Structure formats: structure tokens, C-alpha cells
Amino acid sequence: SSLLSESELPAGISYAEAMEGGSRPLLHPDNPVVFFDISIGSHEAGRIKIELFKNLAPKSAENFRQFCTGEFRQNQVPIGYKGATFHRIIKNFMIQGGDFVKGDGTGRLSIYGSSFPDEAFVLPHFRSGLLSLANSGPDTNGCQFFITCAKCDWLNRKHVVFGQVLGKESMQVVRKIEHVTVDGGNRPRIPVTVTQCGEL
């Protein structure tokens, strides 16, 4: 099994280590670090910085990275996470977003085509603050993602964990998003938007 147990994890990805992170990667020196500036309704909430684990999940990292910088063009139009939202929020579980196509969880597009396969399932969903791919079954990754708000190992081997948030502010912003009021479908009553994003 490629899935690492929690005692076999590489240096740089414990909660304590990630919370001491700045704007440079902790797991491998060539990992990109990207950011989202988040607004909740009309209220700026702060910035989430995210290390993408190119060393473990290069295709997943590069897809997310291009959607952060606006580098990817669809029909010659840049498309990505700027203006995208967190459309499904479940307190004590995770925050899900990145559906820039439809804004509701139905959208799927990647830099590789409509979907892309699962990379190796190396890391478990062992703690809060991890970035993982949303999908609709095997080999259906696209643009959506989630950030864990708790341990959620029942997702292991079904979703590729491909990044981690860096620094205390990042987690504070995640927790703010996690606690917004939601409707019966777990959709926030006031939109949670990536107003700006890019690479550090």
C-alpha cells in the first residue's frame, strides 16, 4: 500500500509544523505555495496560504496551481479560482469549494480535460488543515477541492491529499469559513469567495 500510516509521515506536515510555516514550502523545496484571499459576504476574512505537494501529487498540484494564477485558458479565456466560492461547508468535517464552472458542486473541469485520474494515495486525511481533491468516484478529479476541518480517514484511498495550509492565520480563516451559517444543503447563506488568488 502506498498509503502512509500516521507514524510513517514525512517531515514538514504535522499540524505544529504547518502552523509555523510562512510562505515557503515545508515538505519539499520545489513545492509551490499559493494563496486565497477570502471574503465572507462583504467582510474580508484573511488569507489562506497553501503548500501544494508537487513532490507527491504533481498533476493535482499543477492543476490547482494554474487555477490559482489564472494561467489556464479555456477557449482562450483565463479560468480559475478567482471569484470562486466555498459552496458546501460542514462544521467539524470540511469546507468544499472550487466549482468555478457552476458554483454549486456540479461543475468539473481540469487543466487536463474534463477530468483527471487519481494519483497515488500517499497521504491520509489525518488532521485538519489538509487540501484534498473532491470527486465523484474513481478517476473523476476536476477543479473542486476541500480543506479538512477534522480528521476524516474514511476518505483515504478515495481522495488524493495534495497540500496543506501554512501558518496560524490560514487556519483561522479556515475556521471562520467552517462556522458560517448554512442552509439545509450545507450551502452558506452568505457567499464565501476567493476574491484574489495566486502564487507566492
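Each residue number is its position in the shown sequence, starting from 1.
Across the two stretches, 54-62 and 38-46, the PDB entry reports the greater mean Cα temperature factor for 38-46. Once the C-alpha B-factors are averaged per stretch, 161-169 and 65-73 rank with 65-73 first. Between the residues 95, 130, 79, 123, it is 79 that shows the highest Cα B-factor in the PDB record. Among the modelled residues of the chain, residue 107 sits in the middle third by CA temperature factor in this PDB entry. Per the PDB record, residue ranking by Cα B-factor puts residue 32 in the middle third of the chain. Split the chain's modelled residues into thirds by C-alpha temperature factor. Residue 182 is in the middle one.
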